[PDB]
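A.B. asks: The file below is input.pdb, PDB, C-alpha atoms and all ligand atoms:
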```
MODEL        1
ATOM      1  CA  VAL D   3      27.617 131.422 -19.940
ATOM      2  CA  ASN D   4      26.029 133.979 -22.374
ATOM      3  CA  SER D   5      23.243 136.687 -22.297
ATOM      4  CA  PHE D   6      20.577 134.782 -24.328
ATOM      5  CA  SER D   7      17.377 134.309 -22.216
ATOM      6  CA  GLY D   8      14.126 132.288 -22.540
ATOM      7  CA  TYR D   9      15.361 129.845 -25.221
ATOM      8  CA  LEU D  10      14.267 126.212 -25.398
ATOM      9  CA  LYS D  11      17.296 123.885 -25.858
ATOM     10  CA  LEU D  12      16.836 121.562 -28.880
ATOM     11  CA  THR D  13      20.305 119.989 -28.966
ATOM     12  CA  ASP D  14      23.797 120.347 -27.484
ATOM     13  CA  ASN D  15      24.314 123.511 -29.614
ATOM     14  CA  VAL D  16      20.923 124.716 -30.997
ATOM     15  CA  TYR D  17      18.429 126.828 -29.053
ATOM     16  CA  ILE D  18      15.084 128.334 -30.201
ATOM     17  CA  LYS D  19      12.742 131.116 -29.052
ATOM     18  CA  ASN D  20       9.558 132.890 -30.300
ATOM     19  CA  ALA D  21      11.037 136.345 -30.783
ATOM     20  CA  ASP D  22      11.466 139.354 -33.125
ATOM     21  CA  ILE D  23      15.156 139.055 -34.187
ATOM     22  CA  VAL D  24      15.434 142.916 -34.288
ATOM     23  CA  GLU D  25      14.144 143.163 -30.666
ATOM     24  CA  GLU D  26      16.371 140.261 -29.626
ATOM     25  CA  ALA D  27      19.454 141.801 -31.276
ATOM     26  CA  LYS D  28      18.729 145.210 -29.683
ATOM     27  CA  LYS D  29      18.516 143.563 -26.202
ATOM     28  CA  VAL D  30      21.476 141.093 -26.431
ATOM     29  CA  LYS D  31      23.898 142.972 -28.784
ATOM     30  CA  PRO D  32      25.296 139.609 -29.864
ATOM     31  CA  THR D  33      28.736 139.300 -31.459
ATOM     32  CA  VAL D  34      26.961 138.008 -34.642
ATOM     33  CA  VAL D  35      23.406 138.467 -35.949
ATOM     34  CA  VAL D  36      22.597 136.541 -39.138
ATOM     35  CA  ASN D  37      20.662 138.267 -41.923
ATOM     36  CA  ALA D  38      18.477 136.325 -44.376
ATOM     37  CA  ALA D  39      20.163 138.019 -47.308
ATOM     38  CA  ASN D  40      19.861 137.756 -51.092
ATOM     39  CA  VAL D  41      22.847 137.770 -53.470
ATOM     40  CA  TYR D  42      22.413 141.519 -54.195
ATOM     41  CA  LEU D  43      22.174 142.432 -50.461
ATOM     42  CA  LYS D  44      18.910 144.238 -51.297
ATOM     43  CA  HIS D  45      17.263 144.286 -47.862
ATOM     44  CA  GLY D  46      13.659 144.934 -48.941
ATOM     45  CA  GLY D  47      11.501 142.656 -46.785
ATOM     46  CA  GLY D  48      11.333 139.871 -44.182
ATOM     47  CA  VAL D  49      14.257 139.493 -41.727
ATOM     48  CA  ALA D  50      16.534 141.543 -44.039
ATOM     49  CA  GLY D  51      14.006 144.410 -44.466
ATOM     50  CA  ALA D  52      13.295 144.456 -40.703
ATOM     51  CA  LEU D  53      17.022 144.415 -39.750
ATOM     52  CA  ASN D  54      17.858 147.121 -42.272
ATOM     53  CA  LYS D  55      14.948 149.345 -41.086
ATOM     54  CA  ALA D  56      16.229 149.003 -37.484
ATOM     55  CA  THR D  57      19.642 150.374 -38.670
ATOM     56  CA  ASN D  58      17.938 153.435 -40.255
ATOM     57  CA  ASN D  59      19.108 152.115 -43.701
ATOM     58  CA  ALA D  60      22.814 152.123 -42.686
ATOM     59  CA  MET D  61      22.915 148.353 -43.413
ATOM     60  CA  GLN D  62      21.722 149.031 -47.005
ATOM     61  CA  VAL D  63      24.239 151.866 -47.524
ATOM     62  CA  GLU D  64      27.100 149.619 -46.372
ATOM     63  CA  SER D  65      25.767 146.727 -48.460
ATOM     64  CA  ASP D  66      25.562 148.800 -51.639
ATOM     65  CA  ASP D  67      29.243 149.739 -51.264
ATOM     66  CA  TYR D  68      30.112 146.020 -50.664
ATOM     67  CA  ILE D  69      28.313 144.965 -53.880
ATOM     68  CA  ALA D  70      29.817 147.819 -55.903
ATOM     69  CA  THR D  71      33.298 146.550 -54.865
ATOM     70  CA  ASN D  72      32.814 142.753 -54.819
ATOM     71  CA  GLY D  73      29.775 141.909 -56.938
ATOM     72  CA  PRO D  74      26.943 139.629 -55.816
ATOM     73  CA  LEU D  75      27.231 136.799 -53.299
ATOM     74  CA  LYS D  76      26.639 133.155 -54.289
ATOM     75  CA  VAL D  77      23.459 131.339 -53.265
ATOM     76  CA  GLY D  78      24.719 129.374 -50.222
ATOM     77  CA  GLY D  79      27.387 132.009 -49.513
ATOM     78  CA  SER D  80      27.880 134.816 -47.020
ATOM     79  CA  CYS D  81      29.781 137.927 -46.081
ATOM     80  CA  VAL D  82      30.574 139.590 -42.755
ATOM     81  CA  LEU D  83      29.632 143.279 -42.474
ATOM     82  CA  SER D  84      28.916 145.629 -39.618
ATOM     83  CA  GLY D  85      26.163 144.850 -37.117
ATOM     84  CA  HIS D  86      25.479 148.586 -36.771
ATOM     85  CA  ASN D  87      23.297 149.228 -33.676
ATOM     86  CA  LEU D  88      22.162 145.566 -33.536
ATOM     87  CA  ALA D  89      25.322 143.460 -33.053
ATOM     88  CA  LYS D  90      29.086 143.660 -33.464
ATOM     89  CA  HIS D  91      28.855 141.943 -36.860
ATOM     90  CA  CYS D  92      26.133 140.912 -39.306
ATOM     91  CA  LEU D  93      26.693 137.659 -41.152
ATOM     92  CA  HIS D  94      24.670 138.056 -44.370
ATOM     93  CA  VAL D  95      23.823 134.491 -45.465
ATOM     94  CA  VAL D  96      22.039 133.619 -48.729
ATOM     95  CA  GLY D  97      19.763 130.657 -48.424
ATOM     96  CA  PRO D  98      18.058 129.380 -51.593
ATOM     97  CA  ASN D  99      14.828 131.187 -52.458
ATOM     98  CA  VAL D 100      12.245 128.559 -53.521
ATOM     99  CA  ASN D 101      10.061 131.437 -54.980
ATOM    100  CA  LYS D 102      13.024 131.997 -57.477
ATOM    101  CA  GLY D 103      13.485 128.205 -58.171
ATOM    102  CA  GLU D 104      16.889 127.774 -56.341
ATOM    103  CA  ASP D 105      18.232 124.307 -55.351
ATOM    104  CA  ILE D 106      17.083 123.508 -51.748
ATOM    105  CA  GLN D 107      20.309 121.347 -51.402
ATOM    106  CA  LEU D 108      22.066 124.747 -51.168
ATOM    107  CA  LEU D 109      20.440 125.212 -47.746
ATOM    108  CA  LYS D 110      23.104 122.983 -46.127
ATOM    109  CA  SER D 111      25.886 125.073 -47.764
ATOM    110  CA  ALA D 112      24.170 128.232 -46.420
ATOM    111  CA  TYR D 113      24.117 126.895 -42.836
ATOM    112  CA  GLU D 114      27.800 125.829 -43.086
ATOM    113  CA  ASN D 115      28.687 129.556 -42.950
ATOM    114  CA  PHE D 116      27.489 129.595 -39.325
ATOM    115  CA  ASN D 117      30.339 127.211 -38.348
ATOM    116  CA  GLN D 118      32.870 130.075 -38.807
ATOM    117  CA  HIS D 119      31.354 131.826 -35.738
ATOM    118  CA  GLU D 120      31.334 130.450 -32.180
ATOM    119  CA  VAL D 121      27.945 131.980 -31.232
ATOM    120  CA  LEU D 122      25.184 133.475 -33.446
ATOM    121  CA  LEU D 123      21.678 134.916 -33.214
ATOM    122  CA  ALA D 124      19.903 133.770 -36.416
ATOM    123  CA  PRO D 125      16.628 133.222 -38.256
ATOM    124  CA  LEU D 126      15.746 129.987 -39.962
ATOM    125  CA  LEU D 127      17.376 130.187 -43.396
ATOM    126  CA  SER D 128      15.159 130.024 -46.463
ATOM    127  CA  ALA D 129      11.996 130.327 -44.258
ATOM    128  CA  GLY D 130       9.364 133.054 -44.548
ATOM    129  CA  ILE D 131       9.335 134.827 -47.913
ATOM    130  CA  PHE D 132      12.188 132.557 -49.183
ATOM    131  CA  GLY D 133       9.533 129.830 -49.520
ATOM    132  CA  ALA D 134      11.170 126.756 -47.924
ATOM    133  CA  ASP D 135       9.509 124.532 -45.309
ATOM    134  CA  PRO D 136      10.711 125.895 -41.925
ATOM    135  CA  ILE D 137      10.561 122.357 -40.395
ATOM    136  CA  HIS D 138      13.088 121.291 -43.045
ATOM    137  CA  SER D 139      15.218 124.394 -42.408
ATOM    138  CA  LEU D 140      15.392 123.573 -38.662
ATOM    139  CA  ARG D 141      16.408 119.963 -39.413
ATOM    140  CA  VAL D 142      19.219 121.123 -41.767
ATOM    141  CA  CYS D 143      20.328 123.661 -39.136
ATOM    142  CA  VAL D 144      20.579 121.008 -36.390
ATOM    143  CA  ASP D 145      22.355 118.566 -38.709
ATOM    144  CA  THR D 146      24.828 121.164 -40.128
ATOM    145  CA  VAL D 147      25.660 123.831 -37.535
ATOM    146  CA  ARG D 148      28.128 122.734 -34.829
ATOM    147  CA  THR D 149      28.628 126.176 -33.220
ATOM    148  CA  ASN D 150      26.131 127.642 -30.787
ATOM    149  CA  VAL D 151      23.092 129.048 -32.555
ATOM    150  CA  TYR D 152      20.174 130.913 -30.986
ATOM    151  CA  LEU D 153      17.231 130.808 -33.421
ATOM    152  CA  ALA D 154      14.569 133.563 -33.301
ATOM    153  CA  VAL D 155      11.273 132.539 -34.873
ATOM    154  CA  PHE D 156       9.014 135.573 -35.618
ATOM    155  CA  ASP D 157       5.687 133.595 -35.825
ATOM    156  CA  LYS D 158       4.269 132.144 -32.482
ATOM    157  CA  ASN D 159       2.156 129.624 -34.370
ATOM    158  CA  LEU D 160       5.199 128.412 -36.343
ATOM    159  CA  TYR D 161       7.411 128.373 -33.220
ATOM    160  CA  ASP D 162       4.956 126.007 -31.496
ATOM    161  CA  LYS D 163       4.782 123.788 -34.581
ATOM    162  CA  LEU D 164       8.631 123.663 -34.865
ATOM    163  CA  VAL D 165       8.991 122.619 -31.191
ATOM    164  CA  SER D 166       6.096 120.121 -31.171
ATOM    165  CA  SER D 167       7.345 118.392 -34.408
ATOM    166  CA  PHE D 168      11.091 118.398 -33.523
ATOM    167  CA  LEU D 169      12.699 114.948 -33.577
TER     168      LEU D 169
HETATM  169  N1  LIG S   1      11.596 140.407 -36.785
HETATM  170  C1  LIG S   1      10.858 140.881 -37.923
HETATM  171  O1  LIG S   1      10.472 141.986 -37.963
HETATM  172  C2  LIG S   1      10.599 139.936 -39.076
HETATM  173  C3  LIG S   1       9.900 140.379 -40.191
HETATM  174  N2  LIG S   1       9.666 139.561 -41.196
HETATM  175  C4  LIG S   1      10.078 138.326 -41.132
HETATM  176  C5  LIG S   1      10.751 137.874 -40.022
HETATM  177  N3  LIG S   1      11.002 138.677 -39.024
ENDMDL
END
```
Could I get this file's structure written as structure tokens?
Ligand SMILES: NC(=O)c1cnccn1

C.D. replies:
Amino acid sequence: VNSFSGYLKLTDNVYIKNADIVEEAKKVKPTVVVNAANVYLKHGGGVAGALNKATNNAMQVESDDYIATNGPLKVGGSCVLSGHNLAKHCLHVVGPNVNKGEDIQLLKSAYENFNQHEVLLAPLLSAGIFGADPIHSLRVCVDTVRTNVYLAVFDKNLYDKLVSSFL
């Protein structure tokens, strides 16, 4: 049993809810929250901007030190950093950004990072300002992630479309 509440069960391991991932993280304090990161860990907008704002910019300070030491992530890659006030850990995962012309086939590689964690609170990778079709992102998630993932969808309209179109 875990603390996640109000989720619709899509599969054996994938759950979904219409929710603000910041508000959900603040309530649950999950072991892992996933950030929709870019390779530079520049948390300017979308899930990343909202998560970083909720940490009072501590996520960005930590991230800048990580990049200064290690250099940029790969598209499809990830790193584990602090979850600050939101979670124990933040898994920063880089999905392809369609608005930068990145290979959508890298979305499966991105979701494979989730398999290193038994339970996660996450957004749909490459959705929102990353430009991918969120229906596609949910299908790749279900077909790739084997660990238990609780998906928070910010938009109510999109949530209802994801549920009502789910195969
Ligand atoms: N939870 C949010 O504030 C958020 C903002 N932008 C995109 C997705 N989620």

A.B. asks: Could you put an axis-aligned box around every listed atom of ligand LIG 1 (chain S), padded by 3 Å on each side, and send me its centre and edge lengths in Å to one decimal, as AutoDock Vina command-line options?

C.D. replies:
```
--center_x 10.6 --center_y 139.9 --center_z -39.0 --size_x 7.9 --size_y 10.1 --size_z 10.4
```

A.B. asks: Could you tell me which of D:7, D:99, D:65, D:128 comes closest to ligand LIG 1 (chain S) if we count only C-alpha atoms and all ligand atoms?

C.D. replies: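 Nearest to ligand LIG 1 (chain S): D:128.
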
A.B. asks: Kindly work out which residues sit at most 8 Å from ligand LIG 1 (chain S), using only C-alpha atoms and all ligand atoms, and give the list as a PyMOL selection string.

C.D. replies: chain D and resi 21-25+47-53+125+130-131+155-157

A.B. asks: In terms of the shortest atom-to-atom distance over only C-alpha atoms, which of D:89, D:61, D:30, D:16 is closest to residue D:146?

C.D. replies: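 Looking only at the distances to residue D:146, the closest residue turns out to be D:16.
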
A.B. asks: On this structure, which residues satisfy the PyMOL selection byres (((chain D and resi 63) around 12) and not hetatm), written as a list in words?

C.D. replies: residues 43, 44, 45, 54, 55, 57, 58, 59, 60, 61, 62, 64, 65, 66, 67, 68, 69, 70, 83, 84 and 86 of chain D

A.B. asks: Within 12 Å of (10.7, 128.5, -55.9) (coordinates as in the file), grab all the protein and nucleic acid residues, counting all atoms listed in the file, and write them out as a list in words.

C.D. replies: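 With a cut-off of 12 Å, the residues come to residues 97, 98, 99, 100, 101, 102, 103, 104, 105, 106, 128, 129, 131, 132, 133, 134 and 135 of chain D.
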
A.B. asks: Between atom CA of residue D:127 and atom CA of residue D:29, what is the distance, to one decimal in Å?

C.D. replies: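 Value for the atom CA of residue D:127-atom CA of residue D:29 distance: 21.8 Å.
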
A.B. asks: Report as a PyMOL selection string all protein, DNA and RNA residues lying within 10 Å of residue D:143, evaluated on all atoms listed in the file, omitting residues in the same chain fewer than 6 positions from it.

C.D. replies: chain D and resi 16+109-110+112-114+116+126-127+137+151+153

A.B. asks: Work out how far apart atom CA of residue D:115 and atom CA of residue D:15 are and give it in Å to one decimal.

C.D. replies: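 Computed distance, atom CA of residue D:115 to atom CA of residue D:15, equals 15.3 Å.
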
A.B. asks: Which of these residues is nearest to residue D:162, using all atoms listed in the file: D:139, D:72, D:20, D:40?

C.D. replies: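 Closest to residue D:162 of all the choices is D:20.
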
A.B. asks: So that I can see what lies close to residue D:141, please list as a PyMOL selection string the residues with an atom at most 10 Å from it, counting all atoms listed in the file and leaving out residues fewer than 6 positions away in the same chain.

C.D. replies: chain D and resi 110+164+168-169

A.B. asks: What does the distance between atom CA of residue D:39 and atom CA of residue D:76 come to in Å, to one decimal place?

C.D. replies: 10.7 Å

A.B. asks: For each of D:28, D:163, D:11, D:91, take the minimum atom-to-atom distance to residue D:136, counting only C-alpha atoms, then give the residue where this is smallest.

C.D. replies: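 For residue D:136, the nearest of the given residues is D:163.
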
A.B. asks: So that I can see what lies close to residue D:27, please list as a list in words the residues with an atom at most 10 Å from it, counting only C-alpha atoms and leaving out residues fewer than 6 positions away in the same chain.

C.D. replies: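 The contact residues come out as residues 6, 33, 34, 35, 36, 53, 85, 87, 88, 89, 123, 124 and 154 of chain D.
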
A.B. asks: Which residues come within 8 Å of residue D:82, counting only C-alpha atoms, excluding same-chain residues fewer than 4 positions away, as an MDAnalysis selection string?

C.D. replies: chainID D and resid 91:94
